[PDB]
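Step one of this worksheet: look at the structure below.
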Amino acid sequence: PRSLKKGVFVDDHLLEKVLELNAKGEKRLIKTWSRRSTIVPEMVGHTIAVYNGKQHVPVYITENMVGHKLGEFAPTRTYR
Amino acid sequence: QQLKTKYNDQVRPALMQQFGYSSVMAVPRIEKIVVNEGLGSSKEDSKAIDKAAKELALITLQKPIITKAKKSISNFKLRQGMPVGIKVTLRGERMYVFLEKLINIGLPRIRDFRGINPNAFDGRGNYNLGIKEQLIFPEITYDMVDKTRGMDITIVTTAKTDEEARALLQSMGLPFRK
Amino acid sequence: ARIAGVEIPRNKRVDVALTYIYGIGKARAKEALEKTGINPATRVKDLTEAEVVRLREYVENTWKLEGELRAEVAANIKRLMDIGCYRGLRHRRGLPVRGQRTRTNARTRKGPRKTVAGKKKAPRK
Amino acid sequence: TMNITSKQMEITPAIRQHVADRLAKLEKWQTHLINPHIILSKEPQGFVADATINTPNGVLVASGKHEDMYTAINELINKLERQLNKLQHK
RNA sequence: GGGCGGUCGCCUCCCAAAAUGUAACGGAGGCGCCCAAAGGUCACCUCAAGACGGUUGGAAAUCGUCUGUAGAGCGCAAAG
RNA sequence: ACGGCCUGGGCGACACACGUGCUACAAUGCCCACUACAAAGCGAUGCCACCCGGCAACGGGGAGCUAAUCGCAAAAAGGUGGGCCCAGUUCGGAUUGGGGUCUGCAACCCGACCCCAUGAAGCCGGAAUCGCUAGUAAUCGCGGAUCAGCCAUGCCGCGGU
Numbered sequence: 002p003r004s005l006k007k008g009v010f011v012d013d014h015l016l017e018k019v020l021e022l023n024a025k026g027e028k029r030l031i032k033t034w035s036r037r038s039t040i041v042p043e044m045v046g047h048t049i050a051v052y053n054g055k056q057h058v059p060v061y062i063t064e065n066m067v068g069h070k071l072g073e074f075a076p077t078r079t080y081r
Numbered sequence: 002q003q004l005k006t007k008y009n010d011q012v013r014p015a016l017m018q019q020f021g022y023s024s025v026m027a028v029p030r031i032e033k034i035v036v037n038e039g040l041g042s043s044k045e046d047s048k049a050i051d052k053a054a055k056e057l058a059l060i061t062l063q064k065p066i067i068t069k070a071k072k073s074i075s076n077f078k079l080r081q082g083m084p085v086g087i088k089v090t091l092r093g094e095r096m097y098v099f100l101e102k103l104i105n106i107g108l109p110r111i112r113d114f115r116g117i118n119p120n121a122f123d124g125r126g127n128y129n130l131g132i133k134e135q136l137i138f139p140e141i142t143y144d145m146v147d148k149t150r151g152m153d154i155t156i157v158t159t160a161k162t163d164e165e166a167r168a169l170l171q172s173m174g175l176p177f178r179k
Numbered sequence: 002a003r004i005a006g007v008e009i010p011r012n013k014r015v016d017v018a019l020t021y022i023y024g025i026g027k028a029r030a031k032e033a034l035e036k037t038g039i040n041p042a043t044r045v046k047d048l049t050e051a052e053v054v055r056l057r058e059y060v061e062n063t064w065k066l067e068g069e070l071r072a073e074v075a076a077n078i079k080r081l082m083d084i085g086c087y088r089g090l091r092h093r094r095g096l097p098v099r100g101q102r103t104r105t106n107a108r109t110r111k112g113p114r115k116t117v118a119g120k121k122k123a124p125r126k
Numbered sequence: 001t002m003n004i005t006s007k008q009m010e011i012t013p014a015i016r017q018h019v020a021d022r023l024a025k026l027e028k029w030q031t032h033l034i035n036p037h038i039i040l041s042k043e044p045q046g047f048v049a050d051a052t053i054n055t056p057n058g059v060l061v062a063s064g065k066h067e068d069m070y071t072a073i074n075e076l077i078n079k080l081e082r083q084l085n086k087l088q089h090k
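Protein chains in written order, with the entry's author numbering: chain AS, 2 to 81; chain BG, 2 to 179; chain AM, 2 to 126; chain Aa, 1 to 90.
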């Protein structure tokens, strides 16, 4: 359904940091503030954590979760 | 003969071809068959189920009597001679040529039907598996028809040991969990 | 037209009988007639098994659909419901999963139709 | 069935139960009214309570301005009751 | 003890004192039927109950199976 | 510091109460073919004829437009026949997965739009309640305004009748 033809938006103001975990070394838990970025095979299976607006959420890209715009996994709404 | 023979000389020697037995009749025979169904008197308080009784004999004619369970309920239902059942004895030679409409038909339909039974078996030659609510037959209108089976099939085969219980029952016919 | 699964469309012309099935639409109704060189203005019952064969083979040669797609009806979403899917999310929650609202204009999944106790003090307009 | 709002204070279960208890009591009056709404205000001289109800045979209105917040709400609904009385006439 | 209450016929025993073997303001279940058939004849079938996983089948009602001092049931207490 | 720069998030949630509006219960309609008709504006970094792909949503070469003199649009409804015969109906169309476009270094939240499947409430809806004294009400359609984009069933204007 959803689409963009090509060049799936990937927050790169952080990609440089997210890729540090795979540029010369490895490390877990990085901070984040977004819900637009997309994930690529190059960086999968890592301890991550992003925000909402006021809330933080657990992140960890796995095979069972096609790394897309991300935000479509933890919007913001909350009720009961 | 037909299948009975592809049973007397086909799926009969194979067993000895694998590993024999002290007898030329040692191999398992057509022990028990039956069919089993009858999901209790649903439609009407026992008076419209007849239009689901004869429906048991929806392939041949042999007037089933539905039997009864055991009277002790008086909760759900059940009395001194209620239905709740099935059974009926109809084996024979044509019963072989009956596998022709068994170990053949059905598979070509039954939803996502791919294979037949994932192991399970054991203990006896009566592996409990079968039917949902499908006939696979057109030999009548099938429009005027409007029931709903359920249940399965049992058919024992005097195959106590697993390597008999479900041994011959492999090279037995062809349609099966491959 | 008992040729696959519970498919028995009849008592009219064939052109109609085409789309007249849970899986046939436009590019499948008369479009198939062409591939089989048949006119829409034909009778269904009249088509003896002979004609039925063309359908029994060409037509029946469809992908995962209608009668067979009954093995992905939920699978089409099985991989986008549980998992932390939004649709869960709208999957985990089984709510509409395709750009729209949830308060209203999506009452298909979220809430059947049973009258909810309407709000009292919080602008209902 | 019963909506209470205010741009000065909040809605407490006591104020809800108070007005609500009076609604269930207004049986003789029970005939129409569809999704009523009550508003609460305040002035240096006291508190004010307004209410509006839509029915299949028209609309009713009531207001109060007693020094006591609770008295105003009670007075307002008093007018609701007094209004429905004239609806039946005699 | 007066006696309101409670008692006034038959049947199961506990306690009755291993043959018969009584009482009681000591105690518990009921009744004055049923049935043209649970009567007579000939025949076959062991009952609740668990497990094997399969139906409308979120236990349970369906069936195959071994077990079964047979624990069913045989018209309504009770003993035999 | 109830001063300040910023990334995100609620206002497209929830057991709900009705208003405001759109679109339908049809057979008057489903769709095939062709065609006679209205005002109005607007398109300067803006609009679209043609070319070809092409199911189209769509695209690229860029003519032309500051214009009764090119476009926005072969208005819609309608008209003649064709096939369809009352069932919850080729009605209505909320609706769900897989795919595509246009805006944005982006459309999870929260885009309308093209395709594949798809398809409920509903045979006029207890009461109650609204509009108008003529071209009316009513039915079918168009543009403009705003808006970078995008989801007008809202807003202002106009007409086939």
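C-beta: ideal position from N, C-alpha, C; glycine also.
As assigned by DSSP and simplified to three states, the class of residue i
i	result
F177(BG)	coil
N85(Aa)	helix
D12(AS)	coil
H92(AM)	strand
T55(Aa)	strand
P113(AM)	coil
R22(Aa)	helix
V19(AS)	helix
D10(BG)	helix
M83(BG)	coil
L70(AM)	helix
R16(Aa)	helix
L34(AM)	helix
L56(AM)	helix
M96(BG)	coil
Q8(Aa)	coil
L5(AS)	coil
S172(BG)	helix
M152(BG)	coil
Per DSSP, the bridge partner or partners of residue i
i	result
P59(AS)	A50(AS)
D50(Aa)	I39(Aa), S63(Aa)
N3(Aa)	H37(Aa)
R44(AM)	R14(AM)
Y87(AM)	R91(AM), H92(AM)
8 Å contact criterion, which residue i and residue j should meet: CB distance rounded
i	j	result
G46(Aa)	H66(Aa)	6 Å
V98(AM)	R91(AM)	4 Å
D113(BG)	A166(BG)	That belief does not hold up - the Cβ atoms of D113(BG) and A166(BG) are roughly 27 Å apart, past 8 Å.
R110(BG)	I137(BG)	5 Å
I84(AM)	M66(AS)	6 Å
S42(BG)	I50(BG)	5 Å
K44(BG)	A54(BG)	10 Å between Cβ atoms; not a contact.
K111(AM)	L96(AM)	5 Å
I77(Aa)	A51(Aa)	7 Å
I31(AS)	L22(AS)	7 Å
C-beta contact flag for residue i and residue j at 8 Å
i	j	result
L169(BG)	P29(BG)	yes
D144(BG)	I9(AM)	yes
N35(Aa)	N54(Aa)	yes
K36(AM)	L19(AM)	no
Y8(BG)	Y128(BG)	no
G126(BG)	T159(BG)	yes
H37(Aa)	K122(AM)	yes
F10(AS)	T33(AS)	no
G68(AM)	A2(AM)	no
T5(Aa)	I39(Aa)	yes
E81(Aa)	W29(Aa)	yes
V12(BG)	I154(BG)	no
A62(Aa)	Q83(Aa)	yes
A70(BG)	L79(BG)	yes
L57(BG)	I31(BG)	no
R11(AM)	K65(AM)	no
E38(BG)	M173(BG)	no
With a floor of 3 residues, list each beta strand (DSSP E) that falls wholly inside the region 98-149 of chain BG, ordered by position along the chain.
-> Taking 3 residues as the minimum length, the region 98-149 of chain BG contains no beta strand (DSSP E) run wholly inside it.
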